[PDB]
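Below: one structure, written as structure tokens.
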Amino acid sequence: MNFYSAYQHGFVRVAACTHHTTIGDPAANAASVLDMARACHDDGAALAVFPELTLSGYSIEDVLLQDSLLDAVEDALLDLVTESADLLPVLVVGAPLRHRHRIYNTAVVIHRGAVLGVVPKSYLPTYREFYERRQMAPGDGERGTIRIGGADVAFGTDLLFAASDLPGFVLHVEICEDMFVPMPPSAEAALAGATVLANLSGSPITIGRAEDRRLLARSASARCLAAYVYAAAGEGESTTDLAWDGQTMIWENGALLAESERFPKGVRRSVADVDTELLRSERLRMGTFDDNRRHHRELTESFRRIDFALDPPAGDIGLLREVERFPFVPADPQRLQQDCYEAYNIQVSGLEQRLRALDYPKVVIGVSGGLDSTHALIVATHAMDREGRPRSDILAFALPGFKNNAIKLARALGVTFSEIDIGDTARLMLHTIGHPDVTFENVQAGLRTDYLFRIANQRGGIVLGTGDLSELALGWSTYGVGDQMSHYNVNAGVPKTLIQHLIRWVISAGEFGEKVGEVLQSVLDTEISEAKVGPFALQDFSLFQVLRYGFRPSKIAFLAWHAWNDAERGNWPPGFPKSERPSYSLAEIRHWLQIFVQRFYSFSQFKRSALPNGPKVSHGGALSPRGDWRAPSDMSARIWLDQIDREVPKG
Amino acid sequence: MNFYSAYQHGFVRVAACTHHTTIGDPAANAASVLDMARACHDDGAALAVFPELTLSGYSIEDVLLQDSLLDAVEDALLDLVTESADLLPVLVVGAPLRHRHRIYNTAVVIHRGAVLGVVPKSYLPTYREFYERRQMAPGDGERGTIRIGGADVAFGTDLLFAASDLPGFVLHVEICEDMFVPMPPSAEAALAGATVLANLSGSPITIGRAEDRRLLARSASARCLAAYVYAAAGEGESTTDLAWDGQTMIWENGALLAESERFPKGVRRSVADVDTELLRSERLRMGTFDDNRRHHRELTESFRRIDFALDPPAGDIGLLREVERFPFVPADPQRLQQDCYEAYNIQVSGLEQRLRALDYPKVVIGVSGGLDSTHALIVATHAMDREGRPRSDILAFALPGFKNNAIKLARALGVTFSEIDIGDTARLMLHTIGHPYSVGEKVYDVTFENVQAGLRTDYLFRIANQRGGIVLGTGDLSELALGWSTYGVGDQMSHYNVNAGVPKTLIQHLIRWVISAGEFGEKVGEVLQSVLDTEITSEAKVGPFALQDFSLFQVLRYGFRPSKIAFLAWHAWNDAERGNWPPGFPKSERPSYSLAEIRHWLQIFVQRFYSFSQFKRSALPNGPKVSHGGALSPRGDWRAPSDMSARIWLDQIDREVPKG
Amino acid sequence: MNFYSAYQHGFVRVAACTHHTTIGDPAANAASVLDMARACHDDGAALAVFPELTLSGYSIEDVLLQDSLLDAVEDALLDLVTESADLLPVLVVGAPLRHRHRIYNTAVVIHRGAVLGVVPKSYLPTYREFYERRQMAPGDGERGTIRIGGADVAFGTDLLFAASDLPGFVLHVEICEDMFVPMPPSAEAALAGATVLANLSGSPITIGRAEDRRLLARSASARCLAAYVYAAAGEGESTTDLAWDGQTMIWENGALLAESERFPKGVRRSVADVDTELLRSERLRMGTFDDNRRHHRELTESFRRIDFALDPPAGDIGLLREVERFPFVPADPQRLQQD
Ligand SMILES: NC(=O)c1ccc[n+]([C@@H]2O[C@H](COP(=O)([O-])OP(=O)(O)OC[C@H]3O[C@@H](n4cnc5c(N)ncnc54)[C@H](O)[C@@H]3O)[C@@H](O)[C@H]2O)c1
Ligand SMILES: NC(=O)c1ccc[n+]([C@@H]2O[C@H](COP(=O)([O-])OP(=O)(O)OC[C@H]3O[C@@H](n4cnc5c(N)ncnc54)[C@H](O)[C@@H]3O)[C@@H](O)[C@H]2O)c1
Ligand SMILES: Nc1ncnc2c1ncn2[C@@H]1O[C@H](COP(=O)(O)O)[C@@H](O)[C@H]1O
Ligand SMILES: Nc1ncnc2c1ncn2[C@@H]1O[C@H](COP(=O)(O)O)[C@@H](O)[C@H]1O
Ligand SMILES: N[C@@H](CCC(=O)O)C(=O)O
Ligand SMILES: N[C@@H](CCC(=O)O)C(=O)O
Ligand SMILES: N[C@@H](CCC(=O)O)C(=O)O
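Residue numbers (this note's numbering), protein chains in the order written: chain F, 162 to 812; chain U, 33 to 692; chain C, 66 to 404.
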């Protein structure tokens with residue numbers, strides 16, 4: 162295998178281009194197109210979308226009806242088709258074309274020397290600044306073929322272009338207005354199997370229109386679990402009554418992959434690697450999407466599927482994609498602030514309801530001064546405050562076996578604090594079972610929980626769990642009698658990599674006062690097992706890929722390596738001093754991934770199977786056997802380990 | 033409300049009748065029909081099905097084509113219809129009827145003075161002893177109306193008769209051979225909404241045919257989540273070439289409600305109360321059934337629905353239904369032997385797989401000499417045997433706090449036995465959390481009980497880490513149902529629970545089953561017997577398990593409302609002499625329960641099951657489903673909130689169940 | 066004329082409500098609904114949308130299949146219907162209801178003492194944290210009627226509720242997931258004449274989900290030239306595995322009219338005056354919208370139109386709407402910089 166090849170990992174590189182329009186001069190337009198397409202080829206792109214009516218210019222009005230213009234358009238089209246014999250990408254080029262009685266506003270789908278299909282715009286705006294019905298006919302419901310350079314090629318709104326050697330890539334094409342009506346051709350296309358939706362746009366620019374284009378491309382890409390590739394007209398279009406901004410953009414399932422400078426001087430491209438496996442995975446999981454298709458079975462089975470062989474490049478062509486280091490921790494500070502606000506409120510409101518339902522039990526929690534319990538204590542306190550409960554009904558315990566932050570935190574919040582030395586009970590228990598270990602660690606971990614549960618019976622409380630999602634993922638907890646067990650776990654949904662940011666978020670908001678903030682800060686400074694289970698930054702990364710998308714190990718390694726191999730590349734969330742910004746080699750990423758698949762798929766499930774209650778937090782998922790993760794407690798991880806042996810280089 | 037009314041609890045009483053045939057004499061047949069129907073009326077039946085071609089006799093061949101016969105059939109039908117003005121049940125009577133060009137083999141659905149519909153047989157056998165196509169036309173695909181006694185009434189294979197004041201009762205009718213073809217009219221009818229499927233049969237009798245009729249009525253009632261009411265011809269049919277057996281039967285979702293004497297002298301009826309709520313509940317739950325309907329949407333939306341008002345009796349008319357005392361413990365010894373065999377093998381194989389998957393850990397189990405742990409030890413032993421594991425890899429512990437059966441059993445099986453006194457650890461813990469007992473006060477608290485319960489589990493878990501084993505849970509289904517366990521650190525928790533699916537009422541019969549098979553030898557059997565003798569004679573606070581296991585089954589399988597469960601349990605349990613007891617209830621341990629008691633324990637049940645206990649089931653260790661009634665895994669049969677009140681159930685009991 | 070009357074100028078006042086859920090207690094839920102609906106009445110609202118499965122609570126799982134729960138739901142529904150004789154707004158209340166073989170996840174459209182229609186959810190998520198297919202049947206393609214308190218009322222995904230004395234107000238109802246699939250029932254409804262699209266949502270909250278709800282409600286309102294009224298479940302839903310944020314919002318042709326506090330303590334409403342003339346005008350001008358309808362003529366002519374008379378208040382009830390002084394000059398500095 163070629164492990165560094167984006168194409169071998171299910172990416173398809175796509176381009177949205179804005180060329181230089183020369184109105185009423187198809188030769189000139191074709192030349193600009195040819196030159197941009199050659200760039201896309203050099204970039205290893207599989208697809209290159211151009212603006213509405215590329216070969217004539219969108220804005221020429223009744224000049225679209227002139228024989229000499231239409232004849233010149235055909236001539237130029239045929240030259241492009243001939244040039245395309247040598248170009249890698251599928252070109253989607255706009256052109257006014259004669260068919261039957263009229264000219265249609267069409268997108269010509271071109272590939273390796275042939276026209277694959279010709280797709281007419283369905284809805285022609287004839288209102289405000291738009292007069293398209295005057296010159297051009299609507300495409301909705303046209304089928305059949307059209308004769309282009311002595312060949313009959315598929316013509317109509319119902320076409321799909323499927324790469325025979327790259328099945329994740331199935332192209333559908335619509336045109337500008339098409340995406341703005343209640344029931345866009347692209348939405349039926351997605352249900353029928355289209356994964357990459359192209360839009361050629363003319364779209365003169367006005368205040369607020371760029372937002373409208375975004376709103377609709379973004380929502381389409383999200384609602385149809387698809388990439389949406391959009392190209393609008395720019396410099397060169399007539400400014401008789403309108404101006405043009407050249408916007409290009411590429412969306413993927415609601416996320417912006419790329420966009421280009423608005424009002425550029427010169428031509429611009431958006432180029433991005435679309436993850437066809439992502440779309441595959443989203444669709445495999447959201448059964449209601451298939452249900453929608455079956456309900457519109459007639460609409461969706463009637464698409465004609467045109468095949469082509471892409472034969473993309475096999476080598477290292479980089480990865481034109483922003484892979485964030487912390488799938489659970491957004492690098493953008495505004496976005497991170499928002500996530501924290503949500504995570505915190507989820508945790509709190511999860512706990513408020515349990516407490517309301519139990520008519521306000523005391524809250525029993527083991528506080529050790531570490532990140533997890535510190536944060537849980539804070540969550541508990543807020544929940545109690547919001548429910549008008551005295552903080553003294555929170556019972557915090559230090560349980561020393563064989564830290565100062567804990568008592569300082571508890572005194573500062575003003576909950577009830579208490580120490581119980583479990584050492585003697587442990588000594589008694591170790592002696593009673595005849596121990597001279599994991600047994601040694603576990604006797605203490607167990608007795609901590611045993612004590613808390615009993616205190617909870619005694620004092621009318623519930624025991625608050627504090628184990629985080631990353632520990633659930635790797636089975637890094639003592640199961641049953643031990644920290645795995647509790648009456649309600651507020652941390653169950655929060656991965657370890659997010660925890661430290663919640664604590665800062667709490668400090669930064671300042672709600673608990675200056676003294677509490679200082680202790681919390683101390684906890685952070687002090688606290689920041691990764692020796693045996695690996696760095697949580699890496700295991701949280703793999704967890705997200707597995708839990709959300711079920712990606713194979715080699716795909717996960719590829720992604721993590723692009724995100725993590727170079728500390729200077731990409732973005733870091735706030736709060737990583739340059740001394741704690743590590744980079745990881747492939748060898749490391751591989752290593753921790755072996756530990757991960759073995760622990761996640763095989764070892765740890767029985768511990769998640771009997772999990773106490775607690776709220777889902779991340780869109781990446783949570784690990785409740787009653788919600789996001791239903792799996793066997795008795796399965797081997799052989800095939801994932803084997804996939805790593807076979808597909809991931811040793812370094 | 034009227035609490036003792038079967039009808040007010042969702043039952044509909046149905047009859048399958050076999051009359052006296054007088055061939056070629058419709059007046060005589062009608063007179064027999066009228067007299068049987070009056071009986072059904074007196075019984076408060078809603079429905080009375082008669083044999084194929086009732087009014088003429090099935091067996092009269094070309095006499096069916098005689099004008100005078102056909103004319104007399106019509107006259108007799110009209111007299112029935114007139115007499116039916118005063119009759120409670122819907123009558124389904126067979127009759128050869130003229131329509132368009134031919135006579136159809138029909139079933140006339142009659143009610144309170146009117147004909148609701150006429151249903152022609154769809155498939156007319158013309159092979160072997162059957163010549164139906166010679167005299168009569170196929171009904172499949174006939175629709176429209178037929179003119180009967182100056183009224184136009186629905187005619188066709190596509191009809192449903194729905195009780196407007198009793199929505200669980202939607203009738204479809206088919207005739208004999210109809211149920212024998214790959215795609216019977218009744219199967220489409222059920223997808224369309226029919227819940228009670230009638231079959232009028234002629235069906236001359238031959239060796240093995242009664243089995244065939246059963247196979248097909250039973251499977252239809254099961255596959256269609258319906259009652260199936262069946263009536264065949266008997267005495268009086270011609271014996272020119274055939275004999276007749278008069279078989280009648282009533283099925284419900286695969287179970288036999290009732291059947292009559294074969295080859296009777298005189299007329300016979302099967303009468304039974306069909307539970308429409310049971311059918312409702314099964315259908316509510318089996319979504320693939322509704323999926324089937326949607327797939328045959330065109331077929332199923334094209335049914336015509338004819339409404340009638342049954343207005344059944346409101347009072348106490350008893351309950352013609354066998355309600356078993358132990359929904360989990362079949363009274364029939366053969367069936368009970370079979371269930372035990374299955375329960376045991378499920379438990380064992382569930383554990384064998386966990387052990388294989390863990391490369392054969394030692395099995396750690398707390399044995400106290402009680403039923404549950406005794407049984408688990410046995411299960412564990414057999415699992416180890418089948419996997420060729422030494423029994424000494426089973427580590428049994430007695431964990432005395434503040435019985436001989438346990439050590440005797442362990443020594444006899446030859447597992448590794450050991451005692452660990454948890455009292456000192458408990459004393460230390462109780463003192464450390466400052467509990468009054470540690471300072472003398474005799475305060476036998478929930479905390480006091482729980483410190484010991486918890487420490488047992490704590491010890492076993494640590495032993496399991498120490499010695500390379502897993503801890504076997506032993507808590508049974510009835511304890512899961514009621515939250516009768518110590519949660520988390522405590523007996524609720526384990527590595528694998530082989531008893532999780534087994535209700536308490538079944539456990540004692542598993543143990544006997546094990547003894548009875550004898551597989552473990554005479555010494556082991558003697559100790560097991562001793563465990564039974566000792567342990568059978570907390571049911572003070574949570575109630576008798578016979579009652580709670582009863583309510584559990586109703587709730588878990590059907591979601592029945594409390595008053596419905598009280599009605600059922602009262603009919604099963606109020607009288608110790610009535611109904612059957614499984615094997616092994618000496619007459620001194622055959623209690624009966626009053627309504628007051630049944631009510632009382634049901635309040636405790638709904639509160640504990642719907643509200644209190646769910647959190648303890650929510651974090652449940654692994655273990656195999658056993659009963660068709662269901663199991664309580666939050667990953668399987670029971671998905672429910674851990675933080676809900678049971679107010680509405682408690683209220684339903686207040687409102688609907690009399691105080692005594 | 067009454068010149069200060071929002072209703073006489075083609076506004077229709079609408080509410081999205083988040084009540085207090087008491088799981089498995091329909092009487093309690095109905096009481097909270099009744100109390101919120103009375104507020105909406107006092108505000109002169111024409112429409113009040115509640116969260117998914119309002120009368121039972123969304124999150125109760127297999128408890129939805131218990132006879133006593135389903136029976137209590139019906140009883141409570143009938144009381145609401147009776148109370149609604151005296152209430153101005155159309156209520157849209159969620160309820161698990163028996164029909165044919167199964168329970169449907171339904172929205173009951175209630176008005177002045179009668180049920181106008183019962184609309185089943187079309188797409189039932191059964192993936193990740195969602196298990197709806199286990200307990201409930203899909204509504205897509207169900208038509209006919211359902212029997213509710215001794216009346217047969219329209220049942221199905223194809224319903225429109227049109228105010229006979231206020232023609233700009235034509236209601237269509239869908240449920241949570243319905244707006245998330247490529248071809249939402251609401252998009253066909255708009256082409257057929259719906260101008261106000263309601264969504265009852267359960268929607269447990271997770272990081273980023275509020276944005277997803279916004280993205281999809283906003284885009285729907287814009288793509289369908291319509292008001293979109295959205296109500297999600299909050300306090301009271303089970304937190305066995307999930308938390309709930311009580312978000313309510315009202316969109317109009319891509320613009321946010323109103324939204325409510327997320328994670329509120331107590332019940333919240335979004336109330337706004339929707340401009341039916343605005344939607345009328347947008348639609349009159351964008352001929353491609355009508356072209357889309359003609360292309361899906363079969364889909365769009367098959368809607369059943371249920372009529373009702375709103376008879377809204379004629380007087381001055383203010384105007385719950387932000388009318389900017391400078392239509393050409395946005396008051397928000399970030400937006401103005403961009404323009
Ligand atoms: N940071 C934390 O949250 C935390 C807390 C405690 C321990 N730890 C770490 O993890 C370790 C805990 O050790 P552990 O996981 O070996 O102890 P554990 O008791 O949680 O898990 C092993 C136990 O479960 C049983 N088991 C294993 N697989 C099973 C399966 N499929 N089904 C049923 N039972 C199964 C084993 O026989 C054994 O009794 C510590 O030594 C330490 O390294 C971390
Ligand atoms: N034979 C057996 O199987 C067995 C064994 C031990 C005890 N028991 C019986 O059961 C009793 C156990 O008592 P118990 O059930 O009160 O103790 P428990 O510890 O099992 O349960 C109560 C504990 O759970 C918490 N809790 C209650 N509802 C909760 C919820 N909805 N969510 C989260 N946490 C919740 C309470 O705050 C308390 O800490 C004993 O007294 C005894 O009668 C039976
Ligand atoms: N020394 C301690 N005192 C009180 N609580 C503790 C102590 N150690 C651990 N805990 C609790 O048990 C959990 C286990 O932490 P750990 O095994 O160290 O990652 C912590 O998150 C606390 O909730
Ligand atoms: N005295 C005991 N000795 C050994 N095991 C016990 C003892 N008491 C309880 N157990 C274990 O805990 C389970 C719960 O029983 P109990 O709490 O006594 O009703 C039993 O089935 C045993 O597995
Ligand atoms: N329907 C949009 C189209 C916007 C565009 O073409 O970019 C309009 O108002 O014209
Ligand atoms: N098809 C069956 C008919 C049985 C019956 O009609 O009862 C046969 O072999 O004759
Ligand atoms: N289709 C969305 C639904 C989100 C919601 O229900 O709010 C999902 O991922 O579950």
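Cβ coordinates follow ideal geometry from the N, Cα and C atoms, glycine included.
query                                                                                                                                                               : result
Who does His176 (chain C) pair with in a DSSP beta bridge?                                                                                                          : C:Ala179
Are the beta-carbon atoms belonging to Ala222 (chain U) and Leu331 (chain U) less than 9 Å from one another?                                                        : no
Does the beta-carbon distance from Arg760 (chain F) to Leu772 (chain F) come in below 9 Å?                                                                          : no
Anything in the segment 357-369 of chain C with a Cβ closer than 9 Å to a Cβ of chain F? List those residues in chain order, please.                                : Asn357, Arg358, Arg359, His360, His361, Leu364
Smallest Cα separation from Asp210 (chain U): which of U:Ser196, U:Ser233, U:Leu191?                                                                                : U:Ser233
With a threshold of 9 Å between beta carbons, is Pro786 (chain F) in contact with chain U?                                                                          : yes
Quick one: which residues of the segment 510-526 of chain F get their C-beta closer than 9 Å to a C-beta of chain U? List them in chain order.                      : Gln514, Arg515, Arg517, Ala518, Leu519
Rounded to whole angstroms, what is the Cα-Cα separation between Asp301 (chain F) and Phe341 (chain F)?                                                             : 14 Å
Would you check if there are 3 or more beta carbon pairs closer than 8 Å linking the segment 314-333 of chain F to the segment 202-214 of chain F?                  : yes
What residue from U:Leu441, U:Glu481, U:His131 has the CA that sits closest to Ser400 (chain U)'s CA?                                                               : U:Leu441
For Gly775 (chain F) versus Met525 (chain U), is the C-beta distance shorter than 9 Å?                                                                              : no
Which residues, in chain order, does the segment 770-781 of chain F contribute to contact with chain C at a C-beta distance below 8 Å?                              : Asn774, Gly775, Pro776, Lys777, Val778, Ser779, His780
Within its chain, find whatever has a CB closer than 8 Å to the CB of residue 19 (chain U); leave out the 5 residues flanking it on each side and keep chain order. : There is simply no residue 19 (chain U) to check, as chain U begins at 33 and stops at 692 in what is shown.
Under the rule that 16 or more other beta-carbon atoms within 10 Å means buried, what is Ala394 (chain F), buried or exposed?                                       : buried
Identify the continuous beta strand (DSSP E) that holds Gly661 (chain U) and give its terminal residues.                                                            : Neither: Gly661 (chain U) is in no beta strand (DSSP E) and is coded neither H nor E.
Any contact between the segment 609-620 of chain U and the segment 135-155 of chain C? By contact I mean 3 or more CB pairs, one from each, below 8 Å.              : no
Identify whether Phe295 (chain U) lies in helix, strand or coil by the three-state DSSP scheme.                                                                     : coil
The alpha helix (DSSP H) with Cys82 (chain C) in it runs from where to where?                                                                                       : Note, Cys82 (chain C): premise wrong, no alpha helix (DSSP H); beta strand (DSSP E) at 76-83.
Restricting to Cα atoms, I'd like to know which of F:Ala324, F:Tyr288, F:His648 is closest to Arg348 (chain C).                                                     : F:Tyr288
Would the segment 444-452 of chain U count as touching the segment 399-413 of chain U if we require 3 or more Cβ pairs under 8 Å?                                   : yes
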